[PDB]
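# An overview of the molecular structure
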Amino acid sequence: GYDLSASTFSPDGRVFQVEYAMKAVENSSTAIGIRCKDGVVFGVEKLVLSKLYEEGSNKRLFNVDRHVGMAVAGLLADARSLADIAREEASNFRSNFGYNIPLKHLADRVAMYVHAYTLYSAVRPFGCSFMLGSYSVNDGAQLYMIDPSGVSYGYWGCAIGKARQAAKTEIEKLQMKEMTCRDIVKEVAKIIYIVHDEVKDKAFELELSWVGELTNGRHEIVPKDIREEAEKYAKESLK
Amino acid sequence: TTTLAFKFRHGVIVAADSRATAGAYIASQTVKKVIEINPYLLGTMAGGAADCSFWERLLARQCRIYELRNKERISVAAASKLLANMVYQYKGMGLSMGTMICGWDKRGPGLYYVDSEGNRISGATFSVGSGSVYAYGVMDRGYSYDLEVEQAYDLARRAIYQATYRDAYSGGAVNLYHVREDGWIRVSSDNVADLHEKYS
Amino acid sequence: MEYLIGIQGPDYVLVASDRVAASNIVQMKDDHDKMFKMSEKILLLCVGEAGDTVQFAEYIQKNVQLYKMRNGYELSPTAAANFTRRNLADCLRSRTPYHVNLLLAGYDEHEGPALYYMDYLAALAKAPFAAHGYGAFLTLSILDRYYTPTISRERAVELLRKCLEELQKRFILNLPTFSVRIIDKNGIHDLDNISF
Amino acid sequence: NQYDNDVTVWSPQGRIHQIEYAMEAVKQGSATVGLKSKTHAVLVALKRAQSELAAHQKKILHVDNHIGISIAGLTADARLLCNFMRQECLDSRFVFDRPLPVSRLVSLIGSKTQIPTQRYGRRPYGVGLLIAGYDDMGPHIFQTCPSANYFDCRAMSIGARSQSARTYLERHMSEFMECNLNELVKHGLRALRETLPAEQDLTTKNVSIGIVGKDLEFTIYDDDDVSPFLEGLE
Amino acid sequence: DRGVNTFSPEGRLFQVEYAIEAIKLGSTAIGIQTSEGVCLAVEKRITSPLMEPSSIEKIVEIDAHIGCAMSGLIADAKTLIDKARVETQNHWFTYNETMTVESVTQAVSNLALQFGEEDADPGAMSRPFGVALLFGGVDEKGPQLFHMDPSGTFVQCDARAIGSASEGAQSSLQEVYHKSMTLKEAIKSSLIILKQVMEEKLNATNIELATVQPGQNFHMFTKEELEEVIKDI
Amino acid sequence: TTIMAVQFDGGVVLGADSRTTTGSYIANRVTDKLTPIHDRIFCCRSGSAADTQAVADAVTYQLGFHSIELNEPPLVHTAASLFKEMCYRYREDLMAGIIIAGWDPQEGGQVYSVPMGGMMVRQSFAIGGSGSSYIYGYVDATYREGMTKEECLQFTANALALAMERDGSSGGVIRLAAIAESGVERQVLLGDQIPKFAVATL
Amino acid sequence: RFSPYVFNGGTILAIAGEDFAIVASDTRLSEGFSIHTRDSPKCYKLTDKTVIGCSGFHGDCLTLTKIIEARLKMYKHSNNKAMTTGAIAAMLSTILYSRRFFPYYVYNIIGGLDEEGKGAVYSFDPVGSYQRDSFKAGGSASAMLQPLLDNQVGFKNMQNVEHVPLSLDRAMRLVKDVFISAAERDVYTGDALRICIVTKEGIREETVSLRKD
Amino acid sequence: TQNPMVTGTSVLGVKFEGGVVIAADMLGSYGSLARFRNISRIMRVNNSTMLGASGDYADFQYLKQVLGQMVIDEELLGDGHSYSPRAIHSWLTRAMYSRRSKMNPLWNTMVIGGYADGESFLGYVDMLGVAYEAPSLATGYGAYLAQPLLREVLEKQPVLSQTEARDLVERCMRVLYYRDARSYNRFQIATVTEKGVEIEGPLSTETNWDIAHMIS
Amino acid sequence: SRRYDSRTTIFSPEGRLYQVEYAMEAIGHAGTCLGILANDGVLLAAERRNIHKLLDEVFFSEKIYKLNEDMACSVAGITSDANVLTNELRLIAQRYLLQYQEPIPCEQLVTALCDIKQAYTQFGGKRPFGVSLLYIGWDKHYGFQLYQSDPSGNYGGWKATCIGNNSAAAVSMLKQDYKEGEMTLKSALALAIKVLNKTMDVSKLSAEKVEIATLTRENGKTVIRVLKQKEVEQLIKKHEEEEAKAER
Ligand SMILES: [Cl-]
Ligand SMILES: [Cl-]
Ligand SMILES: [Cl-]
Ligand SMILES: [Cl-]
Ligand SMILES: [Cl-]
Ligand SMILES: [Cl-]
Ligand SMILES: [Cl-]
Ligand SMILES: [Cl-]
Ligand SMILES: [Cl-]
Ligand SMILES: [Cl-]
Ligand SMILES: [Cl-]
Ligand SMILES: [Cl-]
Ligand SMILES: [Cl-]
Ligand SMILES: [Cl-]
Ligand SMILES: [Cl-]
Ligand SMILES: [Cl-]
Ligand SMILES: [Cl-]
Ligand SMILES: [Cl-]
Ligand SMILES: [Cl-]
Ligand SMILES: [K+]
Ligand SMILES: [K+]
Ligand SMILES: [Mg+2]
Ligand SMILES: [Mg+2]
Ligand SMILES: [Mg+2]
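The record names X-ray crystallography as the way this model was obtained, at a resolution of 1.90 Å.

Shown next as structure tokens:
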């Protein structure tokens, strides 16, 4: 069989091990990012598998540099390892060149690292997709997404995980280019509630983060009071 | 420091002073310079204090391992050789150690001189340390393979004593051991001030 | 300080060495032996720095004996000399140089007796007779004066005894006893020590 | 099947069977419980005894003055990981002269244990840990898995029949924060006791306890030292 | 065929399981811990009268206060025994004190899962050790017996058997052991049990026995000292 | 050597003498000490010619590659940072005193000193090399905030000329460059074009 | 030539009693002709039963004590018990010798209780030569303190005096006297004297004022 | 560094009730040449900690780079733990010792000031890993000229107000300008309290030259 | 990667090393190559496989290699593998000479190469060399010598032997005609031709189809020569004259 190693092509030119790693991301619950006028907002449907867990356990939103957030789906241990790679890359860039790594370059660098795990029998592909978001006055708002093959693109809106398509269709309804981060957080929460399957998976925590003019270009958790208002708006909107 | 040893009919006599110095400062008068490698083997210490203590302790470790692996007592020849081979790699790095490895094995009483310069030699009598020249004079004039046991104790004790008297860097007490066919014994410890009283 | 001598006759090589091991102003041993048997018909005589001398000689000795065990027969005096030289020379510019001066004496079934001289730099010279140490300065001319290539072993020991008497007379060091050995077709023979 | 022998082989469902198999090593271990109040973090463990004349395997290990662990799965992997944790703790006191925050140590475990899940010829760690600690953010109970995932817990149980212990803990967890220490350890014991066959009981030979908190360095209680805690399960 | 570090669906390393099965091919050894010391006894398993019995050594001295009995693939035990010996001597060297039985056992057991074919040095261990070990000794905790197997799991035991007839021998051990039993009683009991389980007739040349006591160093029983004990049995 | 750079609103001016000496032999009398690192970023070199040439070549490589990857012009600050990293790291094996100057769209004209030892500091104007000693007083007294490009050029040419008169290790021609959004303009002052200040006869 | 060492001063002292040990040090930290601080003790608690005094090059004192602290924990983790006073002493010997060719510029004196509950003092050179002593002075004023201890605790050079056991009270009075004498003549010894008394009950602390000049 | 190049002179520090103040001139000297006359020799490390460095300025810039990055790394985790001033001083002790032990020192003498949990922190670290804490510190010539004045005031009154500590530091900076030929009359004062770290400057002392007419 | 590793260096269930055996099958198909020891010398004779008309003839032989002053070899099996091994032989022989300042004794050179071959059967996961060699030489310990080695790293000394195509048949004819202690180079030569004549039964023997080298001693020096085609035809002629005598 042709699907056991990332160093073997199938007869049709596929690399099934990379496709299988993508299936792990596709089994995961949904994360979304939206770029808007003045920043980027992330939301995650964070399934709570036991009531014994603390609020905040198994975060899927990370700070990878002071200006850069990361939102993940897939195998969480692989994602965290990638967050460490991203951190190290941002750190090394600052030490060598003396300024904050531009988002696009950071995306391209980590994507090549992911890519390097798709060529060899010696290692396996990462079972994770992740978004990177930042904001500065010079570069504006930027949102990138990187998948297990190592492809990297920029987005106005993005979703990863199992209700990806349903999320995208809701994101498409927003005129995000003209909205602010404060307006968008509510819409992020709304969309997570829409795509959540309340029958099949019973309990989730909404996780929210942002980076924008309003945080002065720092990636930060959305404050508690603003998250709660956004949940309440999403919940009532579901009605 | 002054240390001596000699083979004779009844085994091997081993003796030492007990002074340690840091330059001209007397750091101790109660140092043990004869180390008990096992119940049939002793090592004597002269030169760098840390160097002697460390390398003889390591020799002891190795001799014990040997004995466990091979199921028999290491010979005096093989023990002395282990020490020589250990220190040889460090020549030129400023280790300072002069030791006598004293035992009784299948070849009978055994006595090897080993030092940090690389020397390893078997012989009947040796003295090592800053006071060795003074000990040699006395030991040489009284030594005989057929010394009686108590005469041999007297000679060793007197030679170290006389070394402590001339050599600023030797003193304290004279510690004396006797290696016999069934093991070494600790024979005496005599403060040089009490020996002075006695010898006049 | 250490004295080595060799004298090669038509069918033997005679060699001698002092028996002192000294340290600072004292002789610490007076029955020291500076000869190492490499094989039935080869002696290596080694002097120089402490540690280096035995480490070097014993390493050569074990490798010569290894060659015997591996192959069923022994290295010739000439092969052993060249083996010794390769090792010394190869170490000369290394982190572990050996500060040793040597004579190699042997008897080969087909070449007859051989005496080789080597210095710490690993220059190798075959010689009819030779010596190392400060004592060499006072004895080499005695050898040049009285040696002949056909010298008999009874006369070689006499010549040796003129050299050693000259050290007693004229050398500032106290070297009162010497090991003496001869090699021929029948291997290595111990002679009486020459003493004063 | 062709997909279950190498940690580097994804299955067509997006799973890694070697990691799932490693998790079975923890499910077959003897049960352990971890829980916390506002002020203390407690571990309680059942020790399995090979024969009737064996001591009972150590389940609870000291990591640093402020951190201890309970283990389930391959004991040799447990020691390897425990030695890693110990060393990370020593490093932090050497460098910074302060304790390694518990959540940071658990991060380091995740990163260390993920690495062999992605390289050919390596294997996951076949051990799960409950981690009790106390630092500036108060008491903690963390759980670590062979998958290299980890969890921050109000309380937890892993090992054989731990479902029962987890159920008990959910049932009473709203009481834990306000419990004094005796109360909290009692809860840990009652949870652990749910894992046992109905005949059998907690004894001084089969129970081990570990406690750390504000006033108290990580301390292990075994044999006669568990009796105070076992009496007045009233 | 799969790699040496492959887990089974039950969460066990195949190689380790298989190594535990090799222990069953060994001769039986017994350890008993009493308040007066520990004894170690082992079936030699002589396969020809031409073999020298004294060349079978399945009980070894680790240090003066610690012996070790082995069963399984005996050749594998050599590096383990040497590691224990080196470790106790290192501990003495560094700390000027004897190493505990538990500590020795721990040090050796840290080798157990150090095998595999792409983490390690140009020719590191390819498989686990096919050996089980009983460490019996005396330290400041008093007399002590510890068992270790190829999983690297180790534990203190009051009495334990290992090798071919360990089931069997372990049952007889539960039957006869008591905490206040004397050393002489434990010696008799382990020879009675070896005698049951052994295929050959027990005698003073086809077994070995050693003790360690608070008084006294590691002591291997001589032919003559075995003969004395064997009279009652 | 004497090297200098000066910031103005929209760019920078750089200058150097052209003397290279071995002992007191002049091995090159028309040295070009102002080396382009990218389209609008130059470095002025003093110290060992072997060292500053090797370091400048290396930085040119690093910066060019970085620039292609980013698809943007490079920051003057980035060029200086690359010099600093290399000059600091290898401070025990290099004798290099560098001024990095240039223009980028984000921060405009900028001057950085990387003196021996490998510290880095931004300055309004910078001087270095052996001849700089003799013009500290002059530049301190003559510098004015808000000079035009043409004034910066004159101020540079004068300072360098004074240094060159007094320092045996400086001389020859004065090389100048001005850098701005529009580009780089280079020129040489030679012979009678070098500013002249009388010897003070009785 | 960068020098990697500097002399920072300091005097240490330890005395073994029948059921106690004392470890004492001044609190001055010096460099050249200057005082860094007047409150820098040279004593470090290792266990409930063991204290170490360290003087010499402060950079090495700090590093060495942190190494010792880490090694005590490592020992406790592998062996399930605290290190004894004698095992700490043997270990220190090896840690010092590991820097045989770039030494720790530290004079160490250990004071504590042995395994029978008796006072124990161990004294070291910088490369780890050591022995047990009944009492010992170290550091800057050691040549000033030691002879007096020889005379007053060892009874040396005295005829017709009963060799009594050393009481804690007398040993305390001696410690304070010798440091006061040392503060008169050694420029490095001064400010304050810190005394640790180790007994079965634990470790207690006294401090006495010394001259500030 | 084997050979320091551009260097800074004294750094001062003193504890006061509710915080710590440190001071340093803004000069980098190149031998006797007062070469870089507007450089800051003080770093805000994080909210509770600040650092001032004497000695080689390039080496200081390196430490600032390393330490700045370490603080960012730690903030990324967003986990409620921060390096205390004592931790930073520990770290710095290790780093300097370690570089000294490779025979390749960072050529600096440093003063770490902080405030955390109601406690003022003031600590010294030198290029050899000599480190300690005290109520006041002064590196370089400050050890001879400023420290005696600091300690004399502190013996009479161990607890200073903020404004008293600030005036005392200004008096020491004046003395240093009079007597240290590598000083400069343009300095910064940095203060840490509950509220964080503030760096003020550029500052100057008044000077008096009446003694110029008292020679005859 | 465990799936692709064909495991060249492991035992099979009967204690066999399959690669080694398989390499021995490759050899048995290669050009016949014989060695014959005499009182005054030693020889090698080999079937040439380089026989197409358009070949150019540029070296002094096809399969005979000079190793040092006193020794030569021939080979049967994979040619490129033989080039590696013969290069290594020359290196070993110079290493010795450098170190001892005398020629390597014949058996010592063979054994050194055989230890390399052995290693390739025991560790490293590589295919063995598909070469058997016949070595001829003189040394001062045993005089004229003939050795044979194969891909197992095994070797032996022989008075006469054969490797390559029809070896078994060639050894039978040697067993029957070879006179222990009484052969000369001239009669060994005749015998070599007799043997090749039978064992090249595809087809009628010709000088273009064989290579012969002799190793003799002349004035205290070893002489190693490859016979010219004139001499080879003469020996073939003599053998064909001889078979005319065979009945009457
Ligand atoms: Cl997806
Ligand atoms: Cl004594
Ligand atoms: Cl051994
Ligand atoms: Cl000898
Ligand atoms: Cl001495
Ligand atoms: Cl378990
Ligand atoms: Cl296990
Ligand atoms: Cl998991
Ligand atoms: Cl579980
Ligand atoms: Cl078993
Ligand atoms: Cl140039
Ligand atoms: Cl410069
Ligand atoms: Cl410059
Ligand atoms: Cl210049
Ligand atoms: Cl010019
Ligand atoms: Cl400036
Ligand atoms: Cl800052
Ligand atoms: Cl040749
Ligand atoms: Cl040759
Ligand atoms: K000029
Ligand atoms: K004083
Ligand atoms: Mg040497
Ligand atoms: Mg250079
Ligand atoms: Mg004073």
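Next comes the rest of the write-up.
## Section: a nonpolar patch on the surface
On the surface, a cluster of nonpolar side chains totalling about 610 Å² of accessible area is made up of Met1(C), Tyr134(C), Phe137(C), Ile172(C) and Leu173(C). Examined against the element boundaries, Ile172(C) turns out to sit in the loop between α4 (153-170) and β11 (177-184).

## Description of the nonpolar core
Within the largest apolar cluster, 50 residues are counted, with the highest numbers of intra-cluster contacts made by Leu44(C), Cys73(I), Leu89(I), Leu109(I), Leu133(I) and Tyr135(I). Counting residues per element, this core draws most heavily on helix α2 (residues 79-100) of chain I, which supplies seven residues. Here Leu44(C) is in contact with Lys34(C), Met35(C), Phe36(C), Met38(C), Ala57(C), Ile60(C), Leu102(C), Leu103(C) and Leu104(C), once residues within four sequence places are set aside.

## Looking at the packing of helix α4 (residues 149-166) of chain B against helix α5 (residues 192-199) of chain B
Residue and element names in this part refer to chain B. Running from amino to carboxyl end, α4 crosses α5 at an angle of 105°, the nearest separation of the two axes being 11 Å. The pairing of α4 with α5 is recorded here as roughly perpendicular in orientation. Taken together, the residues of α5 that come into contact with α4 (itself represented by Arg-157, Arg-158, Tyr-161 and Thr-164) are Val-192, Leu-195, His-196 and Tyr-199. Classifying every residue of the contact of α4 with α5 gives four nonpolar, two polar and two charged.

## Thoughts on the coordination of the potassium ion (ligand 20)
Residue and element names in this part refer to chain F. Note on the potassium ion (ligand 20): its protein donors are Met-164 (O), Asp-167 (O) and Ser-170 (O). The metal-donor distances range over 2.5 to 2.6 Å. Taken in sequence order, the residues that donate to the potassium ion (ligand 20) follow the motif M-x2-D-x2-S. For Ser-170, a relative accessible area of 1% puts it in the buried group.

## Here we look at the arrangement of the chains
A comparison of contact numbers over the 16 pairs of chains in contact places chains A and D at the top. Separated without contact, chain E and chain H have their nearest C-alpha atoms at a distance of 24 Å.

## Looking at the pattern of salt bridges
Within the structure shown, the criterion is met by 88 salt bridges over all chains. Across the salt bridge formed by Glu24(D) and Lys27(D), the nearest N and O atoms sit 3.9 Å from each other. One end of the pair is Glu24(D) and the other is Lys27(D), both in helix α1 (residues 17-28) and three residues apart, which spans about a single turn. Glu24(D) gets classed as partly exposed once you look at its relative accessible area, which sits at 25%. Among the salt bridges present, the one from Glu92(F) reaches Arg91(F), with a minimum N-O distance of 3.9 Å. What you see here is one network of salt bridges that share partners, running through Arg64(B), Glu67(B), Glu61(E) and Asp63(E).

What counts, and where the lines are drawn
Residues numbered from 1 in each chain as written, not as in the entry; some residues may be left out. Chains lettered and ligands numbered in written order. Part of a larger assembly, values for the part shown. Heavy atoms only, no water. Residues with missing side-chain atoms left out of burial classes, pairs and counts. Patch = residues over 30% accessible without salt bridge, like charges linked within 9 Å, V, L, I, M, F, W, Y side chains within 5 Å. Areas by Shrake-Rupley, 256 points an atom, 1.4 Å probe, with all protein chains shown as cover. Salt bridge = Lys/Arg side-chain N within 4 Å of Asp/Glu carboxyl O. Helix = DSSP H or I, 4+ residues; strand = E, 2+ residues; numbered from the N terminus. Core = buried A, V, L, I, M, F, W, Y, C linked by side-chain atoms within 4.5 Å. Buried < 20%, exposed > 50% of the residue type's maximum accessible area, 1.4 Å probe, protein only. Contact = heavy atoms within 4.5 Å. Axes fitted to C-alpha atoms, helices over the stretch in contact; angles between N-to-C directions. Parallel < 35°, antiparallel > 145°, perpendicular 65-115°, else oblique. Nonpolar A, V, L, I, M, F, W, Y, C, P; charged D, E, K, R; others polar. Donors = N, O, S within 2.8 Å, 3.2 Å for Na, K, Ca; no water.

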